[PDB]
Amino acid sequence: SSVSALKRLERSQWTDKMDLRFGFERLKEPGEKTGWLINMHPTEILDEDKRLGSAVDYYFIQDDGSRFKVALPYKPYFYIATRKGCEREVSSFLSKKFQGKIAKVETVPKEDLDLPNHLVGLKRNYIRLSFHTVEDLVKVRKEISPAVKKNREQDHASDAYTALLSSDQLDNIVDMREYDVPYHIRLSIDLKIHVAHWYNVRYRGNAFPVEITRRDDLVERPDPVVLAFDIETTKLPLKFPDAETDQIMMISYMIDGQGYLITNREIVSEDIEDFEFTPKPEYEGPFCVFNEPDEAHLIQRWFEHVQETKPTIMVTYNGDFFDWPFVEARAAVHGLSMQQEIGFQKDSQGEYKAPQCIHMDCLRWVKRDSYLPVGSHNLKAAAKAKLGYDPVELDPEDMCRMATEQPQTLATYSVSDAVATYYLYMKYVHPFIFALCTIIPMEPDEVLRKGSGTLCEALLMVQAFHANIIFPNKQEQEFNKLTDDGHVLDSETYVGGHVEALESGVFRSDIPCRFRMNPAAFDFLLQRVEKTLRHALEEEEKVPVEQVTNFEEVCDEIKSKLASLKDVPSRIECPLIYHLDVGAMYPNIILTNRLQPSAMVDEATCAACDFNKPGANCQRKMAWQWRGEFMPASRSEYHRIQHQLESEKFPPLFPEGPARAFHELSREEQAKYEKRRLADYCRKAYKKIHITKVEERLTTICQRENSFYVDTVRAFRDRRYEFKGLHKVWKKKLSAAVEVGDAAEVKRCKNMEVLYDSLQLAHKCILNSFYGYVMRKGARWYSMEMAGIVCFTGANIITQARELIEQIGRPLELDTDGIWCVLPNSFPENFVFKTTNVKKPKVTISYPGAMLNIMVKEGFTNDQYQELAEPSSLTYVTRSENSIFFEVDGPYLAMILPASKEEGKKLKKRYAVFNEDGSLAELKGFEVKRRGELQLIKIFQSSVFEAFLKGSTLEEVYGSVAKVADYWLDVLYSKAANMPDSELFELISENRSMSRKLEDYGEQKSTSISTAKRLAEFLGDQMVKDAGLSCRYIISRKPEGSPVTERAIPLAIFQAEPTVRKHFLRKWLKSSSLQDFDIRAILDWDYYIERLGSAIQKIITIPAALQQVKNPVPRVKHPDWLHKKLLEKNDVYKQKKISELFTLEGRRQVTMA
Amino acid sequence: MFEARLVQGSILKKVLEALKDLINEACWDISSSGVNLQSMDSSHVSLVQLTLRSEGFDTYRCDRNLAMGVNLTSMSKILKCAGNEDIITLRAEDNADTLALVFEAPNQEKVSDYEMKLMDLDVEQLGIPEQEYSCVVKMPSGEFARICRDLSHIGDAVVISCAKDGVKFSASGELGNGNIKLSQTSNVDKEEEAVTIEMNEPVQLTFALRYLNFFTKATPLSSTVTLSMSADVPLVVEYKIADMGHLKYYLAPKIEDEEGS
Amino acid sequence: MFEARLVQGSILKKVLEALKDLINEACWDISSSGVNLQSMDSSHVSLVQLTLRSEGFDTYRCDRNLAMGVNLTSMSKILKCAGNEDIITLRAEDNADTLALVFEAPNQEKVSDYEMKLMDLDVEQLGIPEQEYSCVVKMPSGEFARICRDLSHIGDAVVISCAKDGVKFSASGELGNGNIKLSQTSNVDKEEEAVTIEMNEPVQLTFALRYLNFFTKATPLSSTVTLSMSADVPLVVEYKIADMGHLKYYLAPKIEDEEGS
Amino acid sequence: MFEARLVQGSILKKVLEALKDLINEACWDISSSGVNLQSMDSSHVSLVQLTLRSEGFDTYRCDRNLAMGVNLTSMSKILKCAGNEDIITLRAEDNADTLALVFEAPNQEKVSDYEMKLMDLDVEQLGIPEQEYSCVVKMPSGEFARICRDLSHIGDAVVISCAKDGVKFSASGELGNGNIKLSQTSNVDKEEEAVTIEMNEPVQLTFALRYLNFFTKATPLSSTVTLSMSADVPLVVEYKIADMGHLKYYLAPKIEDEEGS
DNA sequence: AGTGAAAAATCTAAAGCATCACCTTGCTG
DNA sequence: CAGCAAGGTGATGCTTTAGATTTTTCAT
Ligand code: SF4
Ligand SMILES: [Mg+2]
């Protein structure tokens, strides 16, 4: 036991001496000091009594450029649940059982979320168990977790048995919670410390603990010392770089815009010098050059450089996967331990953090949360898209060619990736995360690496502790679940947004399209447009009608437009594309509707709330569709067969293990075996075992909770709009300052401007991540009912808007975010208003937006809504709100919809809409580019999209699409006659990633497994044994009759000596009767032809066939269902009924018997 | 209190097999003169009525024109039960809500009894007068199935054209076409193989032959079928089922236009 | 050395055709008494017993008891080669890892030797009590197969009543309850097409139709199948083989508890 | 027009029913010898020969050696009018691309045309080698099929050995190896049961079990299969349609790299 | 250029159903 | 004494489905 304490104190001394050699002077002298917090880590620090005790050392930066650190010790703790009248006994027992391990145990009340009758004043009395140190916390938690688990199981069984009949002392513990919450999270929650704030640290002597306080009036943000290191190894071609044999020749890093590159001499043949690279004036850096004969002196030079610079923030691309393990092993070869010089250490999560430094990964940001496409979340595409320049790139497979002969190219590539990750960090990522952690209570390491679920978790953590709310523990995936019908479950969900594309084709402002039109809806519009504009003025602008002068004039102008449109109830007219995107329905629906997960009760649980008067006002009823897959095994049969399986014993997992009874197996393996036997039991007694059921369910949402979730999203979007207006005024100030041309005030204004942008982007992104948190599991505030209710109410609103645009035009595309429509231009959308307000003289209100606003106001405004007004006397005021705001888009120039190849099934989130000036506007969830995809269809598909806007009618625009389609089919039917072979060979590569040696899949045949066997028989087995390799391959045609997996020939057969390549292809061809060895012939030309054909079927021809237009290209066939619908549509002999064509005898319906 | 006895239950089996896949709900109605099938099909394109008259039942008795609305997509499973020659006793009541079926073995060894549940319906009824038809053709049922069901696969629509030479079936589809020509026979000895045609004027009607593929499966009822048609009027397919009654398919043609050029 | 001849191959085709669809394994017991296959199926709620007595085979002898548990689906897959008239033979050793099956034609020309990989599993002999059954009824196999396929459409369970007069099948469902009553047909000289009952006391037992539809897969095995049932006693389908032994299908009757009544 | 005349149409529909699976689309050659087609399967590894001589037909009318591009899957949906005894009529095609198909019932009172257009199917030409083969096994095809279908569903590959004491069909596959042996028949005079093997030297050939499953799906067309082989040459499977037609299966020999010996 | 696990969607072989052609057999001219 | 129609039987195309498999989607 003393050896572990010795190891921990040695580790603490190592971290302290590391901090002192990086300038973080531990505050021991008394007095005040200003600081700006940058990091947070738990580290055991001995107290005054020379006793073990945990602490967290905050790191502070000062504006003069001098850092320091401050340790603060506190007692780690959680809360446990106790039975009524059982608070003193359990505390006394656990204090006496672990004297010297528990600092303080006591009771403290916190309001819970699930307790019956809870909204009248009573509160739940929890008990804190606080320890001296975090390892004591871990030991006690793992000691108590099985005990409380079995206690929960036994009290659940006893309560169920008693309720069925009627209608280590540790007998009082019920449920222990907030166990997986980290220590520093708990401190940053309790004592209210975040990062990126200014604090007045006070420390008088060593007896008193350090005192810290927020000081937010110093809104200027200092610059931490940042450093952007990326590496490169001695990689031989067609090989994963080795973590032992390979070693660094070239790194670069960016210390606050100052470049330093470090290079070796045994690899680089001639020395390199300083240079400057500037693609944009904002990106620059002078690259200091260090040259050393040996790589040990390379790593020592880097070590002493970061010792003399002391960089608090270090940033890298794929640090936790490739950089740190490689440099750690490579330094351990030369006997320079990484846990003694820099600080970063191998943690239990597979990640790397230093006690004092920050380790950052821009890949995880640009993948998780930048909302860029999954197909291009690497660093080069982020440099092209976000930062807007083309980064310098080089093929890693042939880096040894210019390791000596062109070292300048290698140096340029290394410094270019370094400067790209550095500037991408400081421009977007750094202020974004620090704005995030203004309200997120953790260091940038974790909050960068966690998911959006954990960020929303931290937000609700903060405001739940503020509102004195005990947390729910993470949910338990309780198997053997049975619903009301008494069946076992396989998978159950809510229903998502039914994202469809009700029709497809080409829709442009210039093109005159059809309008089938119901005059009744325009009778309603003629009788309602006055109220429509009245509501638009009084609610959207929040201005009463008395402050406008030309109201009657614009109203009668709309009357004339609507009447002139009405006079012809069927048109061929030029539309405008009009994007009815209310914009993130889900937060708006939670705001309007007040979905709180605390009560959200059902029947027989609603009666607990004591203010449920017969005038039911809190009874918000909503509908959603529960779907579930179940086996038909009812309660009786499943009960019988579970006793049947209980009767005998079970095979032990351990070899030669003892027999175990039914009560001491793990739940997961017994559930797996029970499901396995029940599947082939019911397979021969019911004729069906996988039965889906999608039923309608009504759930009630309590309307008078303490309501932290709706309050957070409301006040949080409120601060979103406040910071958006602040960014607007400060961007006006920035434009004025850059027109004036001063030096320091423009710098301060730009600092505040990027501060406000990072704030508002962080707020917006976490607002549209509040839905991602509640959508899936792995969350404490996880309710299925929010996801179902919000998703189906969003679908309900979006489909009512669909049906109310169907009678006034041809709505276009239906989504779970917002409709796209095309409207007749005879509808008004803009005019010049004359209002009495001098500051705002003009009002521009789009009339269709106004009518959708008024109909959502009539239909889906919460009239049941409640609110607190005064807490002591339970004053609940009844209000009404509706923030579901259909903000609309301008008339877009073009829009193209794709269609599927299956009847009934419709595409999920696939379309394209174009920008008015002539460029592109928006894609979504679409096949422009994707990992593991052939490159031919991407370039074809982008070419078709970009060669599109010329045309005058539907036949003309489909002819212009057919022009580029005919060009591509001409250059692809020519079998690559006069086009470069390298471009095609890169164009038709297909790459599949394989890892986990060879035993992951077991015994199965896929294309990746077939290519693994092909490389196994190629030259050796070691090229298949090592994991994490992406194999590139092409489908051939010559072995006809084999399945698709066998014909996937890799490309290593294309990269050898030609004669032995011929030998390999004769081996893999199973014949030798040929004499030619052409590369173009072996390729499966028709396979790529039919893949491009399937793409153009999805994109062009089938979307054409759902319209009354000619087939666009006759050079491709069609699906048989499409061909028969096309042949059946155009016959006048099609259908004549009998009810309207011949006289019916009358009305008659059958009665009883 | 409805009772219908039938010594030849195979024809009831065959009529209720002949229209299971056509209609969804069975709008039967019993009366003193006989039982009628005033059922409206779901696709709402054609009409079929069965008329079982009192001269064919072994014991037929009714009280009034009671309408029966049992589901018929649940019906050709009870009527797949009895053998080819059992004795069928179909019973109903004026006040009880359970239809009854009783099948008796010919040698009296396997008696079966079936109950039923009842429910209401709501669907229109068509009324067609007795109008005189231009061309009437008499066809053996087996040859009628051989032509109809087997042109149903090459084609989707059929053209029934009657001229002075004879009746023809010009059915086209997605691959080709079939032009069935008929020749007159006069020196015939037996009526189940005799084809005789009543001529008034040349006519031509287009039909969805898919519905005739539904329709022709009543071949083993009566060995002779009569097809009568005029211009712009539902063609009648009439099966005279062995002096039990008759089954009529009124199928609506499709109007002719000058789409040739 | 184990050499077993049998002139007729029909019965030792149909026994394992009936055993094929219900059991996926086997535990062969070759003893001096004959051949046994006492097996459980996947559900472990029913028992199957193939008994082939030694004297039924023309030439059959043993020297020790063997318990060799090859699966049964593979055997009934491989043994379908010959016909129902072919002469069958099994050849094995005292410690054979793979047995052989010879199928000689009636003209002694088409001669086989078919072998398969063998494994072993848990071999257990559960209690087979020949308790005095309350109701034992013998019906022709064709009629019983027809009535089980008949009642499988209406519902998923049949309740069987044994009385002084005879047997009463009944099947309830959404098509309505259908009941089929058979009395003793002792008026014919053919016992193959007759039904015979022996009776102690009336009981009413409901059975699951997927398992009866798997039991009665042995349609051609016997001219008459007898089945015995008693209060809370498993149904014993006693497939009688005129050549040797028998086949036994034991099923525990499903009776619903008071969870809904 | 131009459909070959024959009083029966059983063969004309059943050969296309059997050929419909292996070959999707092919071309038909008419010459003074008769009708012929050489076709390849989907994977282009096996050849199928059908020769039906004009002198083997009733009587012959033609204009020239002509190749017709008619598909074999959708066109084999109109041939179910022509039963086992329906009569065709033949006449020269003058200038139209349409091939008809007239069907005459034995009553000689109802005709039916079937007009099909022509699409161009380009088929390669080659010369099939002919040589003296080591072993030819002539044996009735019904039992050939009922043995092949039951040794082919357990395995995936087959090895045939031609031996004097017996030709051996080793079924190499996952479940196990099983084999059939055929001696010389000496006590059966009737051709419908006897097996003969005209063989000179032993040889082993390897083939696919699925291919031998699909090849022998033309059993009602013929009565006796002959399998002809030599030292590592493609199998030649002969069916004879009376004395008027012959069909040949010519699948390539899939001999591995000295795996057999 | 992380992995890691769930999972909803997708692909493919196995089973259930009604249908089609054939074999067997009894009644009658 | 054989011709012919009725009943039973086995093969088969088709549709449904159950289990493996694949890409997605968020978790560290
Ligand atoms: S619906 Fe009303 S009464 Fe029911 S729990 Fe919610 S607030 Fe209380
Ligand atoms: Mg990197």
# chains A, B, ... in the order shown; residues from 1 in each chain; ligands from 1
$ closest_atom_pairs --of "chain D" --to "chain B" --cutoff "12 Å" --atoms "only C-alpha atoms" --output "tab-separated table"
residue	atom	partner	partner_atom	distance
D:70	CA	B:175	CA	10.9
D:71	CA	B:175	CA	10.3
D:73	CA	B:175	CA	11.2
D:74	CA	B:175	CA	7.8
D:75	CA	B:175	CA	8.2
D:76	CA	B:154	CA	9.9
D:77	CA	B:153	CA	6.6
D:78	CA	B:154	CA	6.4
D:79	CA	B:150	CA	8.5
D:80	CA	B:150	CA	6.8
D:81	CA	B:146	CA	6.1
D:82	CA	B:146	CA	9.3
D:83	CA	B:146	CA	9.9
D:98	CA	B:176	CA	9.5
D:99	CA	B:176	CA	10.2
D:100	CA	B:178	CA	9.0
D:101	CA	B:178	CA	8.9
D:102	CA	B:180	CA	9.0
D:103	CA	B:180	CA	9.4
D:104	CA	B:180	CA	10.6
D:105	CA	B:143	CA	9.0
D:106	CA	B:143	CA	11.5
D:107	CA	B:193	CA	8.6
D:108	CA	B:183	CA	9.2
D:109	CA	B:183	CA	6.0
D:110	CA	B:182	CA	5.3
D:111	CA	B:181	CA	5.6
D:112	CA	B:180	CA	3.9
D:113	CA	B:179	CA	4.7
D:114	CA	B:178	CA	4.3
D:115	CA	B:177	CA	5.4
D:116	CA	B:176	CA	4.8
D:117	CA	B:176	CA	6.7
D:118	CA	B:176	CA	10.0
D:119	CA	B:175	CA	10.8
$ residues_near_ligand --ligand "ligand 2" --cutoff "12 Å" --atoms "only C-alpha atoms (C1' of nucleotides) and all ligand atoms" --output "PyMOL selection string"
(chain A and resi 228-233+250-253+315-324+326-327+360-363+378-380+396+413-418+420-421) or (chain E and resi 1-2)
$ residues_near_ligand --ligand "ligand 1" --cutoff "12 Å" --atoms "only C-alpha atoms (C1' of nucleotides) and all ligand atoms" --output "number ranges by chain"
A: 113-120, 594-622, 699-707, 864-867, 876
$ write_last_selection --atoms "N, CA and C atoms" --output "short mmCIF file (atom, residue, chain, number, x, y, z; two decimals), in the first residue's frame"
data_model
loop_
_atom_site.label_atom_id
_atom_site.label_comp_id
_atom_site.auth_asym_id
_atom_site.auth_seq_id
_atom_site.Cartn_x
_atom_site.Cartn_y
_atom_site.Cartn_z
N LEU A 113 -36.19 14.99 -9.68
CA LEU A 113 -36.98 15.18 -10.89
C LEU A 113 -38.17 14.25 -11.01
N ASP A 114 -38.19 13.15 -10.26
CA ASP A 114 -39.17 12.09 -10.50
C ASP A 114 -40.10 11.87 -9.32
N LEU A 115 -39.93 12.61 -8.23
CA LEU A 115 -40.65 12.32 -7.00
C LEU A 115 -42.12 12.73 -7.13
N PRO A 116 -43.05 11.91 -6.64
CA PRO A 116 -44.47 12.25 -6.76
C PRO A 116 -44.85 13.43 -5.88
N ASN A 117 -45.81 14.22 -6.36
CA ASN A 117 -46.36 15.39 -5.67
C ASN A 117 -45.29 16.46 -5.42
N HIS A 118 -44.21 16.46 -6.20
CA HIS A 118 -43.01 17.20 -5.84
C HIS A 118 -43.14 18.71 -6.02
N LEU A 119 -44.13 19.19 -6.78
CA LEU A 119 -44.22 20.61 -7.08
C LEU A 119 -45.02 21.39 -6.06
N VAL A 120 -45.06 20.94 -4.81
CA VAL A 120 -45.75 21.66 -3.74
C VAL A 120 -44.80 22.18 -2.67
N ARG A 594 -42.83 23.39 -24.13
CA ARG A 594 -42.34 23.15 -22.78
C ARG A 594 -42.26 21.66 -22.46
N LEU A 595 -41.36 20.97 -23.16
CA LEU A 595 -41.08 19.56 -22.88
C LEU A 595 -39.99 19.46 -21.83
N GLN A 596 -40.37 19.07 -20.62
CA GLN A 596 -39.39 18.82 -19.58
C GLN A 596 -39.32 17.33 -19.26
N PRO A 597 -38.12 16.77 -19.14
CA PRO A 597 -37.99 15.33 -18.92
C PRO A 597 -38.14 14.91 -17.47
N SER A 598 -38.34 15.88 -16.57
CA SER A 598 -38.41 15.56 -15.15
C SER A 598 -39.67 14.79 -14.83
N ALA A 599 -40.84 15.37 -15.09
CA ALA A 599 -42.09 14.65 -14.84
C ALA A 599 -42.52 13.91 -16.10
N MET A 600 -42.89 14.67 -17.14
CA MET A 600 -43.40 14.17 -18.44
C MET A 600 -44.22 12.90 -18.26
N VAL A 601 -45.24 13.02 -17.44
CA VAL A 601 -45.91 11.88 -16.85
C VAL A 601 -46.87 11.24 -17.85
N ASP A 602 -47.35 10.07 -17.50
CA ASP A 602 -48.40 9.36 -18.21
C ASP A 602 -49.58 9.17 -17.27
N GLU A 603 -50.55 8.37 -17.70
CA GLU A 603 -51.68 8.08 -16.83
C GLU A 603 -51.23 7.28 -15.61
N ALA A 604 -51.93 7.49 -14.50
CA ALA A 604 -51.69 6.95 -13.16
C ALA A 604 -50.42 7.50 -12.51
N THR A 605 -49.64 8.32 -13.22
CA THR A 605 -48.54 9.06 -12.63
C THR A 605 -48.75 10.56 -12.68
N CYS A 606 -49.77 11.03 -13.40
CA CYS A 606 -50.10 12.45 -13.43
C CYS A 606 -50.83 12.90 -12.18
N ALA A 607 -51.53 11.99 -11.50
CA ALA A 607 -52.33 12.34 -10.33
C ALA A 607 -51.49 12.80 -9.15
N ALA A 608 -50.17 12.62 -9.22
CA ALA A 608 -49.30 13.10 -8.15
C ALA A 608 -49.30 14.62 -8.05
N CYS A 609 -49.29 15.33 -9.18
CA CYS A 609 -49.27 16.78 -9.15
C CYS A 609 -50.56 17.31 -8.53
N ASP A 610 -50.41 18.15 -7.51
CA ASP A 610 -51.52 18.49 -6.62
C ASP A 610 -52.37 19.65 -7.11
N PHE A 611 -52.03 20.27 -8.23
CA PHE A 611 -52.80 21.38 -8.78
C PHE A 611 -53.53 20.97 -10.06
N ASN A 612 -53.97 19.72 -10.12
CA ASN A 612 -54.63 19.20 -11.32
C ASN A 612 -56.14 19.41 -11.15
N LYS A 613 -56.55 20.66 -11.36
CA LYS A 613 -57.94 21.05 -11.21
C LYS A 613 -58.77 20.48 -12.36
N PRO A 614 -60.09 20.36 -12.18
CA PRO A 614 -60.94 19.87 -13.28
C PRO A 614 -60.86 20.71 -14.55
N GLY A 615 -60.53 21.99 -14.43
CA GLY A 615 -60.18 22.78 -15.59
C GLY A 615 -58.75 22.48 -15.99
N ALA A 616 -58.56 21.34 -16.65
CA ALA A 616 -57.23 20.79 -16.93
C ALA A 616 -56.47 21.74 -17.85
N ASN A 617 -55.49 22.44 -17.28
CA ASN A 617 -54.69 23.40 -18.02
C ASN A 617 -53.25 22.93 -18.18
N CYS A 618 -52.74 22.15 -17.24
CA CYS A 618 -51.41 21.57 -17.34
C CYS A 618 -51.37 20.31 -18.20
N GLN A 619 -52.53 19.76 -18.56
CA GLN A 619 -52.63 18.50 -19.31
C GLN A 619 -52.37 18.76 -20.79
N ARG A 620 -51.10 18.91 -21.13
CA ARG A 620 -50.69 18.96 -22.53
C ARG A 620 -50.60 17.54 -23.07
N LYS A 621 -51.47 17.24 -24.04
CA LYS A 621 -51.56 15.96 -24.72
C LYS A 621 -50.89 16.07 -26.08
N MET A 622 -49.93 15.18 -26.37
CA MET A 622 -49.43 15.09 -27.73
C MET A 622 -49.29 13.65 -28.17
N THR A 699 -49.02 11.16 -24.94
CA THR A 699 -48.29 11.41 -23.71
C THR A 699 -48.52 12.84 -23.28
N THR A 700 -48.52 13.04 -21.96
CA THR A 700 -48.81 14.33 -21.37
C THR A 700 -47.51 14.94 -20.88
N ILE A 701 -47.36 16.24 -21.08
CA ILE A 701 -46.19 16.99 -20.65
C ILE A 701 -46.62 17.94 -19.55
N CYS A 702 -46.09 17.67 -18.35
CA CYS A 702 -46.35 18.56 -17.19
C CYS A 702 -45.92 19.97 -17.59
N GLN A 703 -46.66 20.98 -17.14
CA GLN A 703 -46.36 22.34 -17.56
C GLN A 703 -45.86 23.25 -16.44
N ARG A 704 -45.54 22.71 -15.27
CA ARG A 704 -45.10 23.58 -14.18
C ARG A 704 -43.89 23.01 -13.45
N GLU A 705 -42.98 22.38 -14.19
CA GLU A 705 -41.74 21.89 -13.62
C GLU A 705 -40.83 23.06 -13.23
N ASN A 706 -39.76 22.74 -12.48
CA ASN A 706 -38.70 23.73 -12.28
C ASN A 706 -38.00 24.06 -13.59
N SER A 707 -38.04 23.14 -14.55
CA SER A 707 -37.95 23.46 -15.98
C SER A 707 -36.59 24.05 -16.37
N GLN A 864 -52.02 26.14 -23.42
CA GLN A 864 -51.96 25.44 -22.15
C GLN A 864 -50.77 25.88 -21.31
N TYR A 865 -49.96 26.81 -21.81
CA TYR A 865 -48.62 27.05 -21.28
C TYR A 865 -48.69 27.71 -19.91
N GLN A 866 -47.80 27.29 -19.01
CA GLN A 866 -47.75 27.83 -17.66
C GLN A 866 -46.38 28.42 -17.38
N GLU A 867 -46.30 29.21 -16.31
CA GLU A 867 -45.05 29.85 -15.91
C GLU A 867 -45.10 30.22 -14.44
N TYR A 876 -48.73 30.43 -10.48
CA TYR A 876 -48.49 29.93 -11.84
C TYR A 876 -49.41 30.70 -12.78
#
$ residues_around --residues "segment 261-271 of chain A" --least-positions-apart "6" --cutoff "6 Å" --atoms "only C-alpha atoms (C1' of nucleotides)" --output "VMD selection string"
chain A and resid 249 to 252 289 to 293 403 to 404
$ residues_around --residues "segment 8-16 of chain E" --least-positions-apart "3" --cutoff "10 Å" --atoms "only C-alpha atoms (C1' of nucleotides)" --output "PyMOL selection string"
(chain A and resi 491+687) or (chain F and resi 15-24)
$ closest_atom_pairs --of "chain B" --to "chain A" --cutoff "10 Å" --atoms "only C-alpha atoms" --output "Markdown table"
| residue | atom | partner | partner_atom | distance |
| --- | --- | --- | --- | --- |
| B:27 | CA | A:1150 | CA | 7.9 |
| B:28 | CA | A:1150 | CA | 9.4 |
| B:29 | CA | A:1150 | CA | 9.3 |
| B:43 | CA | A:1137 | CA | 9.3 |
| B:44 | CA | A:1137 | CA | 6.5 |
| B:45 | CA | A:1137 | CA | 4.7 |
| B:46 | CA | A:1138 | CA | 6.6 |
| B:47 | CA | A:1138 | CA | 8.0 |
| B:66 | CA | A:1153 | CA | 7.7 |
| B:67 | CA | A:1150 | CA | 5.8 |
| B:68 | CA | A:1153 | CA | 6.8 |
| B:69 | CA | A:1150 | CA | 6.3 |
| B:70 | CA | A:1153 | CA | 9.7 |
| B:92 | CA | A:1153 | CA | 8.0 |
| B:93 | CA | A:1153 | CA | 6.7 |
| B:94 | CA | A:1153 | CA | 5.8 |
| B:95 | CA | A:1153 | CA | 5.8 |
| B:96 | CA | A:1153 | CA | 6.1 |
| B:97 | CA | A:1153 | CA | 5.0 |
| B:98 | CA | A:1153 | CA | 7.6 |
| B:99 | CA | A:1153 | CA | 8.7 |
| B:117 | CA | A:1153 | CA | 9.9 |
| B:118 | CA | A:1153 | CA | 7.3 |
| B:119 | CA | A:1152 | CA | 7.6 |
| B:120 | CA | A:1150 | CA | 5.6 |
| B:121 | CA | A:1150 | CA | 5.8 |
| B:122 | CA | A:1149 | CA | 5.2 |
| B:123 | CA | A:1149 | CA | 7.0 |
| B:124 | CA | A:1147 | CA | 6.2 |
| B:125 | CA | A:1144 | CA | 6.2 |
| B:126 | CA | A:1144 | CA | 4.1 |
| B:127 | CA | A:1145 | CA | 4.4 |
| B:128 | CA | A:1143 | CA | 7.4 |
| B:129 | CA | A:1143 | CA | 9.6 |
| B:156 | CA | A:1128 | CA | 9.4 |
| B:157 | CA | A:1133 | CA | 9.1 |
| B:173 | CA | A:1127 | CA | 9.7 |
| B:174 | CA | A:1124 | CA | 7.8 |
| B:206 | CA | A:1133 | CA | 7.3 |
| B:207 | CA | A:1133 | CA | 8.4 |
| B:208 | CA | A:1134 | CA | 8.3 |
| B:232 | CA | A:1141 | CA | 9.6 |
| B:233 | CA | A:1142 | CA | 8.6 |
| B:234 | CA | A:1138 | CA | 8.5 |
| B:250 | CA | A:1138 | CA | 9.5 |
| B:251 | CA | A:1138 | CA | 8.6 |
| B:252 | CA | A:1138 | CA | 6.5 |
| B:253 | CA | A:1136 | CA | 7.0 |
| B:254 | CA | A:1133 | CA | 5.1 |
| B:255 | CA | A:1133 | CA | 5.9 |
| B:256 | CA | A:1133 | CA | 6.6 |
| B:257 | CA | A:1132 | CA | 7.1 |
| B:258 | CA | A:1132 | CA | 9.5 |
| B:259 | CA | A:1132 | CA | 7.9 |
$ atom_distance --atom1 "atom CA of residue 11 of chain A" --atom2 "atom CA of residue 304 of chain A"
21.1 Å
$ interface_residues --of "chain E" --to "chain D" --cutoff "12 Å" --atoms "only C-alpha atoms (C1' of nucleotides)" --output "number ranges by chain"
E: 20-22
$ residues_around --residues "residue 5 of chain E" --least-positions-apart "3" --cutoff "12 Å" --atoms "only C-alpha atoms (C1' of nucleotides)" --output "PDB file with C-alpha atoms (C1' of nucleotides), in the first residue's frame"
ATOM      1  CA  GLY A 778     -25.860   7.466 -23.421  1.00  0.00           C
TER       2      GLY A 778
ATOM      3  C1'  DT F  25     -23.845   8.040 -36.322  1.00  0.00           C
ATOM      4  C1'  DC F  26     -22.541   9.502 -32.465  1.00  0.00           C
ATOM      5  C1'  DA F  27     -19.509   7.947 -28.104  1.00  0.00           C
ATOM      6  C1'  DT F  28     -14.195   9.132 -26.799  1.00  0.00           C
TER       7       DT F  28
END
